[PDB]
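Student: Experimental coordinates follow, after the sequence.
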Amino acid sequence: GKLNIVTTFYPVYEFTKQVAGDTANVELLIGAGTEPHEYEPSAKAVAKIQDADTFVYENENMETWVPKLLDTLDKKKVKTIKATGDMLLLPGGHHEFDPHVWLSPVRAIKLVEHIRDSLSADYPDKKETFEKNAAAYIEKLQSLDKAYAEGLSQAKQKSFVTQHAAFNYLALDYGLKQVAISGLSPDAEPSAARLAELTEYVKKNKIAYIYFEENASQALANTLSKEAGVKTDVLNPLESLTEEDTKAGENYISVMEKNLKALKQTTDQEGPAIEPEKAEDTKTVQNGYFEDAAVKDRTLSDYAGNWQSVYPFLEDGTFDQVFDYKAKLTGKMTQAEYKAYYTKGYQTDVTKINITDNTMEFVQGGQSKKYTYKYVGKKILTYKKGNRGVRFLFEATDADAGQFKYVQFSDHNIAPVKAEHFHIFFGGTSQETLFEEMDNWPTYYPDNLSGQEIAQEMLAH
Ligand SMILES: [Cl-]
Ligand SMILES: [Zn+2]
Ligand SMILES: [Zn+2]
């Protein structure tokens, strides 16, 4: 009969139904009346998932209860699908990363593609149906992407204030700037103190709208207008669709069309950029802001382990999303320019480095050269930005060390601690010549990681 597919919340349900069509009965586990971020599965819910043919969830950074279920699910017959597939995430403002990729139409295409791919692998006899259904829905998503680009590319004012911070990927992919606001709910009146803070914030930044995940209550809208001097509207994160909206034919695409209209009320109006209510402090040791007194000698054992070059994962495309993000975050280089920059940086024929308390072993061409190393000191460099970094210096004790005679590690630390990754400068001339090297910095992560894991780790912090 039809596949019994259990999905978690609304966009996972919709995207899965679009791909599976009449091959499946697709169930929505989290009903519209429950906020998906707050959902916790009951024993009955877990049973329903365990007994399904296929279970689809969006991402462990959204359905934070899914990781604990997978250890047992992996032993049951149900085939699981993580909708985001190999999509890399950025940190949010428990879970490490912001899951809200489906509010970017171009990313929604990638989730639909991945659901197609996984269902096609899981049920090969239906692959032509999945592929056909997916392609037709992707056509509609492509038109949505075009509407987004056309409606946002000429934005005069790129920043928008949202009570639900679901729109950072939309912002990155279409040239806007999400400004999340805290301590607000569509159905609740703020405290006197919070309202005063909001009134000052609106005035300081000339904020025209506060956007909410659903319509603000009549009372809250009135209060924000008469006391805080700001209008309200809806930026719907498409996490829930009411039965009323379902029966009126609303869906992901129509919600996103409404979101575009709502955004443009802000983005097509002149005005100053809106600052976050509380400012960031990026001046940290790992970002290169530290005091001389905290810089300490280190031993080779901080770097002990087995380490793999990241260069093959640039070459094979695994890091293409990293360079896409960098371009969208800074605007300073294009994606291709960033990839070229990191090609020069990562290029090396040293595929692996094994490090002990006293030795380093360098693998080139499937053969290894191993030397004993002594610590020789450290060097604090200052960069254009005004931040600094510490190189920790080692020298091989073998006459035959060649290009590995001199070795310097950079790992964003300044004192004893186990490295999580490093950039390594090595040569056979002197330490001083390596201090001037700024273009090539072969980069290593633990051998126990996949390239995909390295790529996601690069975006963390
Ligand atoms: Cl780095
Ligand atoms: Zn959300
Ligand atoms: Zn680094």
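Tutor: Arrived safely, thanks for sending. Numbering: from 1, shown residues only. Ligands and ions are numbered 1, 2, ... in the order given.
Student: Tell me the residues of the stretch 101-250 of the chain that contact ligand 2?
Tutor: Residues of the stretch 101-250 of the chain that fall close to ligand 2, judged by C-beta under 5 Å from the ion: 166, 237. (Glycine included, C-beta is placed from N, CA and C.)
Student: Mind jotting down where the strands sit in the stretch 101-250 of the chain?
Tutor: 159-162, 177-180, 209-212, 231-234 (DSSP state E, counting those that start in this stretch).
Student: Run me through the strand neighbours of the last one, direction for each.
Tutor: Spelled out, it's strand 231-234. strand 209-212 (parallel) (DSSP bridges).
Student: go on, the second one?
Tutor: For strand 177-180, sheet partners with direction are given as strand 159-162 (parallel), following DSSP bridges.
Student: Identify the residues contacting the partner strand?
Tutor: Contacts with strand 159-162, where a contact means C-beta atoms under 8 Å, 6 or more residues apart in numbering, come from 167, 171, 176-181, 207, 209-212, 235, 263, 266-267, 273-274.
Student: so how far is that strand off the chain centroid?
Tutor: Remark: strand 159-162 is offset 20 Å from the chain centroid, using C-alpha atoms, centre = their mean, to the nearest Å.
Student: Arrange the strands of the stretch 101-250 of the chain in JSON lines, one row each, with mean neighbour count as further columns.
Tutor: Formatted as JSON lines, those follow (neighbours: other C-beta atoms under 10 Å):
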{"stretch": "strand 159-162", "mean neighbour count": "24"}
{"stretch": "strand 177-180", "mean neighbour count": "20"}
{"stretch": "strand 209-212", "mean neighbour count": "24"}
{"stretch": "strand 231-234", "mean neighbour count": "20"}
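Student: Could you export those as CSV, including distance to residue 325?
Tutor: As requested, the strands of the stretch 101-250 of the chain are exported to CSV (distance: least, C-beta to C-beta, whole Å):
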stretch, distance to residue 325
strand 159-162, 19
strand 177-180, 15
strand 209-212, 24
strand 231-234, 28
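Student: May I have the beta-bridge partners of the closest residue to residue 396 other than its chain neighbours?
Tutor: Nearest non-adjacent residue to residue 396, counting by C-beta to C-beta, 6 or more residues apart in numbering: residue 371, 3.9 Å away. Beta-bridge partners of residue 371, counted by DSSP bridges, are residue 360.
Student: Just confirm residue 371 contacts residue 394, I think it does.
Tutor: No. Counting by C-beta atoms under 8 Å, residue 371 sits too far from residue 394 to count as a contact (9.7 Å).
Student: Show me whatever sits in contact with both of those two.
Tutor: By C-beta under 8 Å, 6+ apart, the residues touching both residue 371 and residue 394 are residue 360.
Student: Neighbour count: those two, which is higher?
Tutor: residue 394 (26 against 20; other C-beta atoms under 10 Å).
Student: Distance of that one relative to ligand 2?
Tutor: Counting by C-beta to the ion, to the nearest Å, the gap between residue 394 and ligand 2 amounts to 47 Å.
Student: what residues are up against that residue?
Tutor: 300, 360, 373, 374, 375, 376, 406, 407, 408, 409 are the contacts of residue 394 under C-beta under 8 Å, 6+ apart.
Student: Which element, helix or strand, includes it?
Tutor: Residue 394 belongs to strand 388-396 when assigned by DSSP states H and E.
Student: Which strands border that strand, and is each parallel or antiparallel?
Tutor: Strand 388-396 is paired, per DSSP bridges, with strand 367-382 (antiparallel), strand 406-410 (antiparallel).
Student: For residue 150, find the nearest of those strands.
Tutor: strand 406-410 (44.1 Å; C-beta to C-beta).
Student: Any chance you could list what contacts the closest one?
Tutor: 303, 360, 373, 379, 389-396, 419, 422-431, 434-435, 441.
Student: now it, how far from the centre of its chain.
Tutor: 30 Å.
Student: Tell me what angle the helix or strand just after that strand forms with strand 388-396.
Tutor: Proceeding N to C from strand 406-410, the next assigned helix or strand is strand 422-427, under DSSP H and E. In terms of direction (axes from the mean of the first three to the mean of the last three C-alpha atoms, to 10 degrees), strand 422-427 departs from strand 388-396 by 50 degrees.
Student: center of the protein, which residue is that?
Tutor: By C-alpha atoms, centre = their mean, the chain has its centre lying nearest to residue 89, at 1.6 Å.
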